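> Need the 3D shape of this:
(chains A, B, C and D)
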Amino acid sequence: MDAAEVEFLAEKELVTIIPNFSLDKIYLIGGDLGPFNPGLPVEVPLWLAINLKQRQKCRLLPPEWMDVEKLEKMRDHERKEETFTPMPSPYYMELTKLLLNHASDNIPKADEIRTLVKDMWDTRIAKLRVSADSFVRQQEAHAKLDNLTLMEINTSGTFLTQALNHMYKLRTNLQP
Amino acid sequence: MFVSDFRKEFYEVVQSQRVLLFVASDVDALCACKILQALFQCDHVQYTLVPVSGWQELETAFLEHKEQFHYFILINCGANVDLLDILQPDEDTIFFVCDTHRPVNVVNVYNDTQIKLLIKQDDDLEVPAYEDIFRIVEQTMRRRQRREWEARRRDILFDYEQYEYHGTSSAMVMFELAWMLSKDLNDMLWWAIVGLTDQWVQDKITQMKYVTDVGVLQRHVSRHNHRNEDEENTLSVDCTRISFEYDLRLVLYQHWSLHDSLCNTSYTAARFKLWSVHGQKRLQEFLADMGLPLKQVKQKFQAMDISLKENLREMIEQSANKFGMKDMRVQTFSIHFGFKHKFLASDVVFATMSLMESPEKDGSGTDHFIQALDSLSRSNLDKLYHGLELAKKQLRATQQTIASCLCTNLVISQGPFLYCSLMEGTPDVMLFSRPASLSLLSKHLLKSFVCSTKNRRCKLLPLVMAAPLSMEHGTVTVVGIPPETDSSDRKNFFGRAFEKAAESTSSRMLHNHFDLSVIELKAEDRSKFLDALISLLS
Amino acid sequence: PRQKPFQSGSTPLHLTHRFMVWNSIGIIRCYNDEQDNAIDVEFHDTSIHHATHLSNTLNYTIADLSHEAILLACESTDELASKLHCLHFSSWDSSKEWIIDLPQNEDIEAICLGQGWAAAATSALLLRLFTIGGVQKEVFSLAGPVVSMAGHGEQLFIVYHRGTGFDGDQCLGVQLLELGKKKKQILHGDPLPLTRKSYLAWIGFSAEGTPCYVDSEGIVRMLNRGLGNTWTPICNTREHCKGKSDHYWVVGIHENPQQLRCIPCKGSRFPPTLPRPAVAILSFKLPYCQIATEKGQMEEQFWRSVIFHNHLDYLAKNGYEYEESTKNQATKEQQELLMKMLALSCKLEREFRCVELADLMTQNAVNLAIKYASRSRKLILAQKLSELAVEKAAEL
Amino acid sequence: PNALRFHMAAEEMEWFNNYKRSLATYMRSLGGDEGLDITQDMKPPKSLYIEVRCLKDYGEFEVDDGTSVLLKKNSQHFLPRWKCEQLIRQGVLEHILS
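Residues are numbered from 1 along each chain as shown, chains lettered A, B, ... in the order given. Find the structure here:
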């Protein structure tokens, strides 16, 4: 894969907007939406909230896990534990990029949410290169990754698997 | 015709069509486009953007596209001349004009089918009434009265089309439209502010009108940016903020040093007379009266010590009363993006205006236009930050020309108007070869001159300037600027003079641009033209 | 102490950035410090009108908003009189503004916007009527100091002090007028029911045009046109609150579909202006007994359906436009609940109760209940229902 | 372009024109109406319209409805990205408003 398709899979998460136009139910091949009552919340998939925000037709809302207090506890829980701890949403990096870039003025304290998210990320990446070094160092044959999201996997996967194949080969070249 | 309301007459017609946008080349028109773009990319309206530069290229462009499309939009071009003939269109084609030039041509106003005008009629317009300009012995007895009518027409024309000026900028009409639809943002407000500031920078509007428009725009700025009353601590630092500033008139002083921006603003380079060693010490005394070390003033402004810059913008306004410079603070706006991004609305202008008019040419006429249209969106801060090193290089190569024609006295008093000319051998004179970057040099030359000369007559005569255009065709370019003063109405009158002079002498001339006061003339018809012009203006 | 007049949907005046009015049409905010004073108008539907920004030079402290105009008012000073300012943005002519000065020592205390008209209650105990274009209409005296004022169509909803209460209770009266071509005073200062030791928090009309109001104890009441113009509780916002300091700030009331649009407030009774609060949607629930049981649940649903469709009859009696399909769906919804309540009473061997429920049924539903009573061997019940069906046919 | 068809040996052109034809055969077989052209669509779709800017001359680009468009140099349009993908990926147009 590549980041630009993880970003595609991440635009299926649901968010809540507040439209300012009138429209009746829409029957999408992936569900139903609406109705859109001006000045009333409604829950849509991201790829539509962003596209409506760019055309000046809505007003986003911060997801509940995107609070500057619960995050300041996740950031500590992550540094205490010594394994991959569970995360608010399986796609938090892409949410807190797309949202904070496109709707940073409808989110209070954007430039602290952003730094806490980055602090969590910079740790969950450090635990990986330790869990991906003991693997080689001790020549394991299995490794249980607990709560890795698809993005951390995809940033260093096409190197790790490709450097473990060359190790299986070198380790089983004497049998015949 | 005149469009009464922009929603239901201009927008909601082209909302479902495929329009074609012709664009002139000036910061005002760039900023008037970049809003219409963002208003089309929001409603999925297929447009097309053709950058034109004269009348020949506008005609060439209309030649090719005139059968696919049948809607059109002209931006800062084609409101001071007649349109239904230079293009010779069909009947079912529609034209919208959103130009600033004045006065609007006559027929373009009594043609309510093909040429609609997006011009707010509450400007300074006084268009003559309809039949005053448009259509047995008793036969002759009444056709003599019709001859009287024609004679009155020949006069009222000369009354109405004698002075050219500019109205409210396009980037403010478009912004009114974009606010009606309720789809305005900060990014569409910064382009309004820049498209307004540019006119006042190039000195095409009066200070009264400029302050009136600033008074208008400040309500919008406060409506947007005040909603963050006390939450300015929990708003993202990486989100643009526009603010009203009462700030200095020095050009580019926040990127240049404080010293190289006093020697180059063509408002303190005139008063201080920073071209004559006798008055260069005036600058020294001005600096010494404030306690600014001569070693901090020479260093870049971002690196100056923090203890000096506390009340700089006040200790400069004060110590400029003691020298005869009381108009030193102006009213502008400024933008912050992030951690280190802080622009005044007259730095964006001097950078854009010099990305579009770079001397070294690298292709067709529409290769620089694109690179300057690029540097207005925040995703391209690497062009802006680059177009600020051209705007510097230009400003340091203008005070080294106004220093030539004032330590050599190349301003001839040819009678009713001053006169000058340039030499190729002087360095940095091929930079001003373009017929657009020559008006600013002349308009600063007049400001330095009027302050320099000791006469009382020359201080109130308009200037006329010529500099060589093409060595092969052997031709020069000529401009004409109104008589300078503090409260000049800014109503130039040379578009008629040059026309009638070339008509009298019957020489070769080209009125290629959209403004009339810029002409290309054979190097040999110079005097043949000039003498007849001297006699004509009288 | 008598509570002071207020505009429904507004936040207190002492706030630097406050809401002047928040209703179903839009929001009006006022930012006022010591340097400048600004008023911003926003519409929920951008197609109605563009965002309007005003320089509050006269220091307007009261505001109302409708699909027709913007209404603003300010008290008098030692130099200026109390003024009523209307921004008639929906006007089809070139004059979209008018202002009028009240007489000396007369101050505007409350305003409201109706369909094509505006009203202002003043410190002289006067109610002044104005057309939306600026014509002064009728004037009459108020029986007491005004508390709040609302308008909808031709209806004028006035709440005022009819007396002096004791032990924390207010003494409020309601004057309800219809200002059409035939002027009617629907309520001649009837006493306004309130929760004990509570004050008036919000008044107004539902989008369909029924008067409603909320007290400080979260009790939402609605005029019951089908019950002699009494007031029926339709919601209790305290049931959705988790603590004493939690409150709900009502914005609008809608009958079809049923929804109470309000702002959840944690720690205070009104939401802060920034950041933009989110509008919550609460359901209506009439305070019926044993609502956890199937009988009480269906009885609440039935009477909630009855009261929230009285507006259809009101629109019909006054020539307004109503959907006949909504009236038919209401009856079908009610006949289904009656039929399920009759089947429940039949299972409980309460056959007398079944006949009582059948009295509320249509003739077709009663005929169906007779065959359901013949089934399951309820012979006497079937006879009582048949005699009821005969009596219903005789009433025609 | 014949900067390429000049470097292939004269029998590789036959392999090509066979492969291309078999591919265009398979593609039209997927769906009922002329299948689905899987050659386009190389990157996830982001928005519905795109803003291009020409870079070389090109005779007369077509819009499905017979409404052609001339392509001079340095002249930017606003077209549906459903049509511009073929040309952006070659070098003619350019996606500016990223």
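
> Specify the beta-bridge partners of residue C:204.
With DSSP bridges as the criterion, residue C:204 is bridged to residue C:212.

> From chain D, how far out is it?
To chain D, residue C:204 is 41 Å away according to Cβ to the nearest Cβ, to the nearest Å. Just so you know, the C-beta spots here come from the backbone N, C-alpha and C atoms, and that holds for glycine as well.

> quick one: contacts for the residue nearest the centre of chain D?
Centroid check for chain D by Cα atoms, centre = their mean gives residue D:86 as the closest residue, at 1.9 Å. By Cβ atoms under 8 Å, 6 or more residues apart in numbering or on different chains, the residues touching residue D:86 are residue D:40.

> Which element, helix or strand, includes it?
Element membership of residue D:86 [criterion: DSSP states H and E] is helix D:81-88.

> Show me which positions of that helix end up buried.
Under the neighbour-count criterion of 16 or more other Cβ atoms under 10 Å in any protein chain shown, helix D:81-88 has D:81, D:83, D:84, D:85, D:87 buried.

> shouldn't the first one be in contact with residue D:43?
No: at 10.0 Å, residue D:81 and residue D:43 do not qualify as touching, with contact defined as Cβ atoms under 8 Å.

> rewinding a little: out of the buried residues of helix D:81-88, who's nearest residue B:489?
Among these, residue D:84 lies closest to residue B:489 (Cβ to Cβ), at 49.4 Å.

> Could you check what's spatially nearest to the closest one, not counting adjacent residues?
residue D:52 (5.1 Å; Cβ to Cβ, 6 or more residues apart in numbering or on different chains).

> partners of that neighbour in the sheet?
Under the criterion DSSP bridges, residue D:52 forms beta bridges with residue D:95.

> separation between the closest residue to chain B within chain A and residue B:75?
For chain A and chain B, the shortest gap (Cβ to the nearest Cβ) falls at residue A:110, measuring 3.3 Å. For residue A:110, the distance to residue B:75 (Cβ to Cβ, to the nearest Å) stands at 36 Å.

> Same question for residue D:6.
Here residue D:6 is placed at a distance of 46 Å from residue B:75 (Cβ to Cβ).

> Repeat that for residue B:48.
13 Å.

> between the two, what contacts are shared?
By Cβ under 8 Å, 6+ apart, the residues touching both residue B:48 and residue B:75 are residue B:21.

> Who's the closest spatial neighbour of the residue in the stretch 51-200 of chain B that chain C sits nearest to, skipping the chain neighbours?
Sorted by distance to chain C under Cβ to the nearest Cβ, the residues of the stretch 51-200 of chain B start with residue B:182, at 3.5 Å. Leaving aside its chain neighbours, residue B:182 sits nearest to residue C:46 (3.5 Å; criterion: Cβ to Cβ, 6+ apart).

> Residue B:430 too?
Counting by Cβ to Cβ, 6+ apart, residue B:430 lies nearest to residue B:359, which is 6.6 Å off, once chain neighbours are set aside.

> three-state assignment of the one you found?
When classified by DSSP: H, G, I helix; E, B strand; the rest coil, residue B:359 comes out as coil.

> Might you report the residue contacts of it?
Contact analysis of residue B:359 by Cβ under 8 Å, 6+ apart lists B:430, B:431, B:433, B:434.

> Out of the residues you listed, who's the most crowded?
In terms of neighbour count, residue B:431 stands highest of those at 19 neighbours, by other Cβ atoms under 10 Å in any protein chain shown.

> isn't that one right up against residue B:400?
No: at 10.7 Å, residue B:431 and residue B:400 do not qualify as touching, with contact defined as Cβ under 8 Å.

> Residue C:159 should be in a helix, yeah?
No: looking at residue C:159 with three-state DSSP, it is strand, so not inside a helix.

> In contact with it, which residues?
Contact partners of residue C:159, counting by Cβ under 8 Å, 6+ apart, are C:146, C:147, C:148, C:149, C:172, C:173, C:174, C:192, C:200, C:203, C:213.

> Chain neighbours aside, what residue packs nearest to it?
In space, and not counting its chain neighbours, residue C:159 is closest to residue C:147: 4.6 Å by Cβ to Cβ, 6+ apart.

> And that neighbour, how far from chain B?
In terms of Cβ to the nearest Cβ, residue C:147 sits 30 Å off from chain B.

> Show me what the host helix or strand of that residue is packed against.
Following DSSP H and E, one finds residue C:147 within strand C:146-152. Strand C:146-152 sits against strand C:108-113, strand C:117-122, strand C:155-161, strand C:200-205, with contacts defined as 3 or more Cβ pairs under 8 Å, 6 or more residues apart in numbering or on different chains; DSSP states H and E.

> What residues does the stretch 1-150 of chain C have near chain A?
C:24, C:44, C:45, C:46, C:47 (Cβ under 8 Å from any Cβ of the partner chain).

> for the stretch 101-250 of chain B, same thing?
Going by Cβ under 8 Å from any Cβ, the residues of the stretch 101-250 of chain B near chain A are B:182, B:183, B:184, B:185, B:231, B:234, B:235, B:236, B:237, B:238, B:239.

> Now do the contacts for residue 74.
Going with chain A. A:85, A:87, A:88, A:116, A:120.

> hm, I was asking about chain D
So residue D:74 contacts B:51, B:364, B:366, B:367, B:369, B:370, D:53, D:54, D:55 (Cβ under 8 Å, 6+ apart).

> Pull up the gap between the nearest residue to the fourth one once chain neighbours are set aside and chain C, please.
This means residue B:367. Counting by Cβ to Cβ, 6+ apart, residue B:367 lies nearest to residue D:74, which is 6.2 Å off, once chain neighbours are set aside. According to Cβ to the nearest Cβ, residue D:74 stands 36 Å off from chain C.

> ok, how many other residues are close to residue A:113?
By the measure other Cβ under 10 Å, the count of residues near residue A:113 is 22.

> Go ahead and confirm it touches residue A:97.
No: using Cβ under 8 Å, residue A:113 is not in contact with residue A:97, being 11.2 Å away.
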